[PDB]
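Q: Can you keep this structure in mind? I'll have questions shortly.
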Amino acid sequence: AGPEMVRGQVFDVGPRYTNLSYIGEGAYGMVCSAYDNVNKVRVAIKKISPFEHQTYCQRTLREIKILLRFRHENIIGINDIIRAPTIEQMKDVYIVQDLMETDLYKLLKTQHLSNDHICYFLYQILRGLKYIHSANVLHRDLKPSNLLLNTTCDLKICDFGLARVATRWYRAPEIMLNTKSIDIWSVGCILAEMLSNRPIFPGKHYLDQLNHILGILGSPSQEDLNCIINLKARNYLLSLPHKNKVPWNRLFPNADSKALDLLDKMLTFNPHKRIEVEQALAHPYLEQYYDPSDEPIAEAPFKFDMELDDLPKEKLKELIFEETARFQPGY
Ligand SMILES: O=c1cc(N2CCc3n[nH]c(-c4ccncc4)c3C2)cc[nH]1
């Protein structure tokens, strides 16, 4: 027979994983679902080809190391990793993970959410984020397609390729004008998107991203623009005419007033004044779900043993080969 082929990509994951079906592709690689003949369930398999680029090698190693350390209901795990028997033959890495039903991006394209479901999904996002932040880790790329959902509305955060120890539509202003507050801004954008089924700040480019933000928040104050900022971005913001602030209730007239109060606190221009994860979980909007006795935190802060940014890609490939050795049948 041979290895299965999907949308031009070889998925060399047999004999254990068969009956492959395409899910999607993006900067993370290509994801298929497959039948696991050992556990007798369908799983997700992500194929990555990172070895030609130092940056892609860093991302692959960071994701593996973080996801194999983390253990939380609202965070995707890694169940298995497939790669070649020798480092010379290793060109691709297959990360096997729990298969979910859909992601929030696809769900929001076809479904109107009830207030109770928006509240429940926001709670799960924040519960997972509380764990990530408690480990001194930033996700850095929270968006609807990175939030996975199963048939019983369990939510898991995935894609830790850009995660670090503490689409541009979900990027915080401080990222564009230059911490944990960058993830809170992304969560605020996702909340706004759940309230209206449309992105709140759909910029076509960086200047347009700034214009969409100021279009709702209004012109930034002197305090908002006093810190370290890119000179070009500061000059651009100063060259703009005054913009009025749009009240949240005008943008989301049918939303729960408590949801808009929390939205206001997450979508704060100044990161020093933006609400933190624990305070967001304790907000009255989340009162029905908030359960501090059932919101685990990391046992210790996450730490990489080596300076990964400094390592040549050949060294990173050896570390990836070493990290994945434990999954080799038979180790
Ligand atoms: O890193 C990553 C990992 C990703 N996935 C692999 C894990 C997973 N389980 N279920 C799904 C799924 C996604 C969409 N519709 C149905 C199921 C995925 C998607 C995606 C982006 N980035």
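Ordering of the structure tokens sets the chain letters (A, B, ...), residue numbers begin anew at 1 in every chain, and ligands are numbered from 1 in the order given.
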Give one line per residue of chain A that approaches ligand 1 to at most 8 Å, naming the two atoms of the closest pair and their distance in Å to one decimal, counting only C-alpha atoms and all ligand atoms; sort by chain then ascending residue number and deliver it as CSV.

A:
```
residue,atom,partner,partner_atom_place_in_ligand_line,distance
A:23,CA,ligand 1,15 (N),5.9
A:24,CA,ligand 1,14 (C),7.1
A:25,CA,ligand 1,21 (C),7.8
A:26,CA,ligand 1,21 (C),7.6
A:28,CA,ligand 1,22 (N),5.4
A:29,CA,ligand 1,22 (N),7.8
A:31,CA,ligand 1,6 (C),5.8
A:32,CA,ligand 1,6 (C),7.9
A:33,CA,ligand 1,17 (C),7.6
A:43,CA,ligand 1,9 (N),7.1
A:44,CA,ligand 1,9 (N),4.9
A:45,CA,ligand 1,6 (C),6.2
A:46,CA,ligand 1,6 (C),5.7
A:76,CA,ligand 1,7 (C),7.1
A:96,CA,ligand 1,7 (C),7.5
A:97,CA,ligand 1,7 (C),5.2
A:98,CA,ligand 1,9 (N),5.2
A:99,CA,ligand 1,9 (N),3.9
A:100,CA,ligand 1,10 (N),3.7
A:101,CA,ligand 1,16 (C),4.7
A:102,CA,ligand 1,15 (N),3.5
A:103,CA,ligand 1,14 (C),4.8
A:106,CA,ligand 1,15 (N),7.6
A:145,CA,ligand 1,21 (C),6.8
A:146,CA,ligand 1,21 (C),5.7
A:148,CA,ligand 1,13 (C),6.0
A:149,CA,ligand 1,17 (C),7.7
A:158,CA,ligand 1,1 (O),5.3
A:159,CA,ligand 1,1 (O),3.3
A:160,CA,ligand 1,1 (O),6.5
A:161,CA,ligand 1,1 (O),7.1
```

Q: May I have the residues from that selection written out with N, CA and C atoms, as a PDB file, in the first residue's frame?

A:
```pdb
ATOM      1  N   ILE A  23      -8.226  18.485   7.690  1.00  0.00           N
ATOM      2  CA  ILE A  23      -8.913  19.401   8.602  1.00  0.00           C
ATOM      3  C   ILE A  23      -8.603  20.838   8.171  1.00  0.00           C
ATOM      4  N   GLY A  24      -7.324  21.140   8.019  1.00  0.00           N
ATOM      5  CA  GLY A  24      -6.903  22.480   7.632  1.00  0.00           C
ATOM      6  C   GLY A  24      -5.405  22.628   7.545  1.00  0.00           C
ATOM      7  N   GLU A  25      -4.983  23.819   7.160  1.00  0.00           N
ATOM      8  CA  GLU A  25      -3.577  24.166   7.056  1.00  0.00           C
ATOM      9  C   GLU A  25      -3.402  25.651   7.266  1.00  0.00           C
ATOM     10  N   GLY A  26      -2.211  26.019   7.681  1.00  0.00           N
ATOM     11  CA  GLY A  26      -1.836  27.402   7.930  1.00  0.00           C
ATOM     12  C   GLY A  26      -0.369  27.450   8.259  1.00  0.00           C
ATOM     13  N   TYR A  28       1.008  26.854  10.983  1.00  0.00           N
ATOM     14  CA  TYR A  28       1.297  25.767  11.927  1.00  0.00           C
ATOM     15  C   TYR A  28       1.638  24.439  11.219  1.00  0.00           C
ATOM     16  N   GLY A  29       1.349  24.362   9.921  1.00  0.00           N
ATOM     17  CA  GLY A  29       1.543  23.162   9.104  1.00  0.00           C
ATOM     18  C   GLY A  29       0.211  22.671   8.558  1.00  0.00           C
ATOM     19  N   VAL A  31      -3.093  19.907   9.306  1.00  0.00           N
ATOM     20  CA  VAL A  31      -3.753  19.061  10.279  1.00  0.00           C
ATOM     21  C   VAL A  31      -4.719  18.133   9.566  1.00  0.00           C
ATOM     22  N   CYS A  32      -4.653  16.829   9.897  1.00  0.00           N
ATOM     23  CA  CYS A  32      -5.600  15.809   9.442  1.00  0.00           C
ATOM     24  C   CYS A  32      -6.171  15.121  10.671  1.00  0.00           C
ATOM     25  N   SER A  33      -7.286  14.433  10.510  1.00  0.00           N
ATOM     26  CA  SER A  33      -7.752  13.558  11.565  1.00  0.00           C
ATOM     27  C   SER A  33      -7.328  12.170  11.048  1.00  0.00           C
ATOM     28  N   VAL A  43      -8.013  10.756  16.083  1.00  0.00           N
ATOM     29  CA  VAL A  43      -7.107  11.740  16.696  1.00  0.00           C
ATOM     30  C   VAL A  43      -6.809  12.806  15.661  1.00  0.00           C
ATOM     31  N   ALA A  44      -6.147  13.897  16.094  1.00  0.00           N
ATOM     32  CA  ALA A  44      -5.678  14.928  15.191  1.00  0.00           C
ATOM     33  C   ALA A  44      -4.179  14.732  15.018  1.00  0.00           C
ATOM     34  N   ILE A  45      -3.695  14.898  13.792  1.00  0.00           N
ATOM     35  CA  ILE A  45      -2.275  14.835  13.510  1.00  0.00           C
ATOM     36  C   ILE A  45      -1.837  16.114  12.784  1.00  0.00           C
ATOM     37  N   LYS A  46      -0.859  16.814  13.336  1.00  0.00           N
ATOM     38  CA  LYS A  46      -0.296  18.021  12.738  1.00  0.00           C
ATOM     39  C   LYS A  46       1.094  17.730  12.162  1.00  0.00           C
ATOM     40  N   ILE A  76      -4.571  21.924  25.090  1.00  0.00           N
ATOM     41  CA  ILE A  76      -4.324  20.734  24.267  1.00  0.00           C
ATOM     42  C   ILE A  76      -3.034  20.047  24.756  1.00  0.00           C
ATOM     43  N   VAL A  96       0.677  14.305  17.382  1.00  0.00           N
ATOM     44  CA  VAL A  96      -0.638  13.659  17.542  1.00  0.00           C
ATOM     45  C   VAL A  96      -1.308  14.221  18.783  1.00  0.00           C
ATOM     46  N   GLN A  97      -2.541  14.736  18.613  1.00  0.00           N
ATOM     47  CA  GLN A  97      -3.297  15.376  19.690  1.00  0.00           C
ATOM     48  C   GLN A  97      -4.743  14.939  19.668  1.00  0.00           C
ATOM     49  N   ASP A  98      -5.465  15.230  20.770  1.00  0.00           N
ATOM     50  CA  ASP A  98      -6.878  14.929  20.883  1.00  0.00           C
ATOM     51  C   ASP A  98      -7.613  15.587  19.739  1.00  0.00           C
ATOM     52  N   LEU A  99      -8.540  14.837  19.163  1.00  0.00           N
ATOM     53  CA  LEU A  99      -9.346  15.357  18.087  1.00  0.00           C
ATOM     54  C   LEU A  99     -10.562  16.061  18.662  1.00  0.00           C
ATOM     55  N   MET A 100     -10.768  17.324  18.254  1.00  0.00           N
ATOM     56  CA  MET A 100     -11.951  18.091  18.693  1.00  0.00           C
ATOM     57  C   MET A 100     -12.996  18.175  17.558  1.00  0.00           C
ATOM     58  N   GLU A 101     -14.168  18.752  17.830  1.00  0.00           N
ATOM     59  CA  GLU A 101     -15.228  18.820  16.812  1.00  0.00           C
ATOM     60  C   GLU A 101     -15.008  19.941  15.804  1.00  0.00           C
ATOM     61  N   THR A 102     -14.602  21.113  16.299  1.00  0.00           N
ATOM     62  CA  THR A 102     -14.465  22.303  15.467  1.00  0.00           C
ATOM     63  C   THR A 102     -13.586  23.307  16.207  1.00  0.00           C
ATOM     64  N   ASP A 103     -13.443  24.479  15.644  1.00  0.00           N
ATOM     65  CA  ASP A 103     -12.758  25.562  16.347  1.00  0.00           C
ATOM     66  C   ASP A 103     -13.694  26.758  16.396  1.00  0.00           C
ATOM     67  N   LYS A 106     -14.533  28.529  12.929  1.00  0.00           N
ATOM     68  CA  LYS A 106     -15.574  27.858  12.127  1.00  0.00           C
ATOM     69  C   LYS A 106     -16.946  27.970  12.772  1.00  0.00           C
ATOM     70  N   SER A 145      -9.361  30.547  15.722  1.00  0.00           N
ATOM     71  CA  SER A 145      -8.943  29.257  15.147  1.00  0.00           C
ATOM     72  C   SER A 145      -8.029  28.443  16.083  1.00  0.00           C
ATOM     73  N   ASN A 146      -7.495  29.064  17.150  1.00  0.00           N
ATOM     74  CA  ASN A 146      -6.662  28.387  18.143  1.00  0.00           C
ATOM     75  C   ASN A 146      -7.479  27.952  19.367  1.00  0.00           C
ATOM     76  N   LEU A 148     -10.263  25.351  20.345  1.00  0.00           N
ATOM     77  CA  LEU A 148     -10.929  24.138  19.863  1.00  0.00           C
ATOM     78  C   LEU A 148     -12.085  23.770  20.738  1.00  0.00           C
ATOM     79  N   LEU A 149     -13.157  23.239  20.129  1.00  0.00           N
ATOM     80  CA  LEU A 149     -14.353  22.817  20.853  1.00  0.00           C
ATOM     81  C   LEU A 149     -14.747  21.395  20.474  1.00  0.00           C
ATOM     82  N   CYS A 158      -5.011  25.746  21.712  1.00  0.00           N
ATOM     83  CA  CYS A 158      -3.933  25.040  21.045  1.00  0.00           C
ATOM     84  C   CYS A 158      -2.936  26.028  20.445  1.00  0.00           C
ATOM     85  N   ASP A 159      -1.900  25.486  19.794  1.00  0.00           N
ATOM     86  CA  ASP A 159      -0.885  26.230  19.053  1.00  0.00           C
ATOM     87  C   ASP A 159       0.001  27.085  19.901  1.00  0.00           C
ATOM     88  N   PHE A 160       1.025  26.464  20.478  1.00  0.00           N
ATOM     89  CA  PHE A 160       1.971  27.132  21.365  1.00  0.00           C
ATOM     90  C   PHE A 160       3.315  27.406  20.697  1.00  0.00           C
ATOM     91  N   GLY A 161       3.332  27.451  19.360  1.00  0.00           N
ATOM     92  CA  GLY A 161       4.541  27.737  18.577  1.00  0.00           C
ATOM     93  C   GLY A 161       5.141  29.107  18.849  1.00  0.00           C
TER      94      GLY A 161
END
```

Q: Using only C-alpha atoms, which protein or nucleic acid residues come within 10 Å of residue 236 (chain A)? Drop anything in the same chain fewer than 5 positions from it, and give the result as a PyMOL selection string.

A: chain A and resi 207+210+230-231

Q: Between CA of residue 48 (chain A) and CA of residue 93 (chain A), what is the distance, to one decimal in Å?

A: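 Answer for the CA of residue 48 (chain A) to CA of residue 93 (chain A) separation: 5.3 Å.
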
Q: Write out as a PyMOL selection string the residues lying within 10 Å of region 283-285 of chain A, counting only C-alpha atoms and excluding same-chain residues fewer than 4 positions away.

A: chain A and resi 119+122-123+256-263+275+277-279+289-290

Q: Pull C-alpha atoms from the residues just selected and write them as an mmCIF file, in the first residue's frame.

A:
```cif
data_model
loop_
_atom_site.group_PDB
_atom_site.id
_atom_site.type_symbol
_atom_site.label_atom_id
_atom_site.label_comp_id
_atom_site.auth_asym_id
_atom_site.auth_seq_id
_atom_site.Cartn_x
_atom_site.Cartn_y
_atom_site.Cartn_z
ATOM 1 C CA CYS A 119 -19.998 33.335 29.067
ATOM 2 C CA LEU A 122 -14.968 32.986 27.825
ATOM 3 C CA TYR A 123 -14.686 31.250 31.246
ATOM 4 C CA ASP A 256 -25.237 41.687 28.540
ATOM 5 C CA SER A 257 -24.077 44.957 30.286
ATOM 6 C CA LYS A 258 -21.704 42.892 32.501
ATOM 7 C CA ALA A 259 -20.098 41.386 29.325
ATOM 8 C CA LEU A 260 -19.499 44.935 28.009
ATOM 9 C CA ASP A 261 -18.006 46.061 31.343
ATOM 10 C CA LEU A 262 -15.462 43.232 31.154
ATOM 11 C CA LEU A 263 -14.905 43.898 27.420
ATOM 12 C CA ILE A 275 -7.437 43.759 33.535
ATOM 13 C CA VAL A 277 -6.523 37.021 34.131
ATOM 14 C CA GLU A 278 -7.443 36.392 37.829
ATOM 15 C CA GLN A 279 -9.423 39.676 38.011
ATOM 16 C CA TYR A 289 -18.901 29.684 36.298
ATOM 17 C CA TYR A 290 -16.145 31.137 38.514
#
```

Q: From region 172-329 of chain A, collect each residue whose DSSP state is alpha helix (DSSP H) and return the set as a ChimeraX atom specification.

A: /A:173-176,181-196,206-217,231-239,248-251,257-266,277-281,313-324

Q: Could you list, as a list in words, every residue within 9 Å of residue 327 (chain A), counting only C-alpha atoms and ignoring same-chain residues fewer than 6 positions away?

A: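 Once the adjacent positions are removed, what remains is residues 80, 81 and 82 of chain A.
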
Q: Keeping N, CA and C atoms, export the residues of the selection given above as a compact mmCIF listing (two decimals), in the first residue's frame.

A:
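This went into part-v2.txt:
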```txt
# COMPACT_ATOMS: atom_id res chain seq x y z
N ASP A 80 1.36 11.79 21.15
CA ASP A 80 2.39 11.03 20.45
C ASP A 80 3.09 11.95 19.48
N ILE A 81 4.31 11.60 19.11
CA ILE A 81 5.09 12.33 18.12
C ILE A 81 5.74 11.30 17.21
N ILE A 82 5.57 11.48 15.90
CA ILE A 82 6.15 10.58 14.89
C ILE A 82 7.22 11.35 14.14
```

Q: Measuring between only C-alpha atoms, which one of A:118, A:92, A:213, A:306 shows the shortest distance to residue 193 (chain A)?

A: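 For residue 193 (chain A), the nearest of the given residues is A:118.
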